[PDB]
Q: 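My questions all concern the structure below.
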Number of protein chains: 2
Amino acid sequence: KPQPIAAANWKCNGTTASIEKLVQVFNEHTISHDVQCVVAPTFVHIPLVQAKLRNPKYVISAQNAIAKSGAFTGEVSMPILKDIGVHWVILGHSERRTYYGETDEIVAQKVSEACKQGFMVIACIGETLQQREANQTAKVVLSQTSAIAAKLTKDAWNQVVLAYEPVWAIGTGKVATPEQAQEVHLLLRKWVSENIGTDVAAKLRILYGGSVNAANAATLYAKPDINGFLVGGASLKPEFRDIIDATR
Amino acid sequence: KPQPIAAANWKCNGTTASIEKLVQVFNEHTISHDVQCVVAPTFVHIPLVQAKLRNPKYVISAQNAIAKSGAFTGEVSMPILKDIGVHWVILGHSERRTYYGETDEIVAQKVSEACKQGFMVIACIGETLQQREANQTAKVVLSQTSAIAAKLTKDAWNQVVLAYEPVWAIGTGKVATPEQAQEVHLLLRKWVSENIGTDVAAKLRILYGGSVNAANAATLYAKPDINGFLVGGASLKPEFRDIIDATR
């Protein structure tokens, strides 16, 4: 397997005091294996986390961005993030697709621009409960992935991490079973192998997210095509340490 | 007139180096009259500006927010801002109404929540060129204002600043004439006086924005119902000092 990733999506949460305490916990956890840890604070907390986070296995990610600076009140651009030292971004999270109008073509454009600007990108894909029950999971996730792929060159895939998060698993407590997740990860990896390249597919990290916790992480990671996790609720807690260690 | 406001909406712009230089300029400008200056950096630059800005006439504002923390990847909430020391927010900017789906009811809800949480709010309203040419300016701005008003109590208006920004003037170089701006500000103030209270109307700041620069600011401020400015492009430049001083 390629190098795993354990990514903490703090979403729209945190106070300075709670973040200081949690970062201390993460700093004091010695990670002995090869894993890339990622923490994605809210924009306003990025400087605090940059100042306090010292664990060498971690990088900081933004939770969203727009491609260019300019007259976009309220938004944060990729050049602005790069200038402050952030070169990872999560794009296309279900919450943004649902609440904030991010269509496949908007996500694909953002991913393309992030790659051109040198970011590592965690690009999120996943089906809704209605799509799953209609036996459309594969069509949906492949359509989301091919929309992204259409805007990328083969070289750019070195910067891409895919995160499969069934929408019905996000925040609900209803994690996908290892078999459910593995079926989708395998389908995605096969599509990448056939449509992009077998060398790309072998090195591509495909993360699972949606109700990962420290108790279910190891049995997800045991599956051959799962390369780590994008973690929401449990990444606000000290048991994120055990999620990291489940990628051994 | 009530205390004027000179507000800098930096939009999605800045680097750490350019911000450090501009904040130094603002720090070294001694303001002798009673004015509230506001600077609204991007979220990621708020901590930098908090650290460097020392001019006592300034407060820091966010350019947007959502009302509550939670599972809203990419967004920043009002409690998070309050915790970091930011208690001003711009809401309903034209760019967010246009690009990011903020309807009158979304803006009104955000304004209401911000007021409940103790923020000072700069709430933006304004008509498009098509609405102006259809002689709908008054209907539009009063409809936007009454949507906000419907969610507020009379007491909350102490926290509200209205910013009238004709959409056709934002970023285009085509500033409203003093007479155009004054006509709308007077109509707004009259509506507030009749529908909210004459005491509220007398103390309410109504700012103009849309292509304000240091040369046109003084002839806008001379009008009786203009209480300052929301400034985009020119607030990234040293001549913001002269915009502030045009509110004497």
Side-chain angles (χ1 to χ4, degrees), chain A residues 9-19 40-51 62-67 69-86 89-102 124 165 170-172 230 232-233, chain B residues 9-19 40-51 62-67 69-86 89-102 124 165 170-172 230 232-233:
Chain A
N9 179 10
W10 287 350
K11 309 187 184 187
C12 186
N13 293 287
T15 61
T16 60
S18 71
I19 289 169
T42 80
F43 291 127
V44 295
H45 295 141
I46 283 171
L48 175 62
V49 175
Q50 288 177 312
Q63 288 177 26
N64 182 45
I66 62 169
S69 295
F72 309 105
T73 294
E75 299 293 313
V76 176
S77 68
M78 289 171 194
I80 284 173
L81 288 167
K82 285 296 291 305
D83 174 73
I84 215 179
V86 173
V89 63
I90 297 167
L91 295 169
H93 195 274
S94 180
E95 289 152 14
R96 299 212 62 83
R97 293 177 180 264
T98 307
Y99 304 145
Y100 307 121
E102 296 197 359
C124 301
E165 308 196 290
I170 296 174
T172 60
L230 182 58
Chain B
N9 179 10
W10 287 350
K11 309 187 184 187
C12 186
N13 293 287
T15 61
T16 60
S18 71
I19 289 169
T42 80
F43 291 127
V44 295
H45 295 141
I46 283 171
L48 175 62
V49 175
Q50 288 177 312
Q63 288 177 26
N64 182 45
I66 62 169
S69 295
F72 309 105
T73 294
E75 299 293 313
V76 176
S77 68
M78 289 171 194
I80 284 173
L81 288 167
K82 285 296 291 305
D83 174 73
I84 215 179
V86 173
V89 63
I90 297 167
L91 295 169
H93 195 274
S94 180
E95 289 152 14
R96 299 212 62 83
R97 293 177 180 264
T98 307
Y99 304 145
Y100 307 121
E102 296 197 359
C124 301
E165 308 196 290
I170 296 174
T172 60
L230 182 58

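What's counted below: heavy atoms across the whole structure, side chains too, no hydrogens, waters or symmetry copies. Chain letters run A, B, ... following the sequence lines, proteins first and then strands; every chain starts at 1.
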Q: When rounded to the nearest 0.5 angstrom, what distance separates CG in B/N64 from CD in A/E75?
A: 7.5 Å

Q: Kindly give the heavy-atom pair with the smallest separation between A/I80 and B/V44, and that separation in Å.
A: CG2-CG2, 3.5 Å

Q: Given heavy-atom pairs under 4.5 angstrom as the criterion, report whether the side chain, backbone, both or neither of A/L81 touches chain B.
A: side chain

Q: For B/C12 versus A/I66, what's the shortest heavy-atom pair and its separation?
A: SG-CD1, 4.1 Å

Q: Using the test salt bridge (charged side-chain N to carboxylate O under 4.0 Å, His left out), find all partners of A/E95 that sit at least two apart in sequence or belong to another chain.
A: A/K11

Q: Can you tell which of A/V86, A/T42, A/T73 has the highest number of heavy-atom pairs within less than 4.5 Å of chain B?
A: A/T73

Q: Restricting to side chain to side chain contact (heavy atoms under 4.5 Å, CB included), what partner residues turn up for B/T98, sequence neighbours left out?
A: B/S94

Q: How far does CD1 of B/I19 sit from CD1 of A/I84, to the nearest 0.5 angstrom?
A: 8.0 Å

Q: Could you tell me how the ring of B/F72 sits relative to the ring of A/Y99: parallel (under 30°), tilted (30 to 60°) or perpendicular (over 60°)?
A: tilted

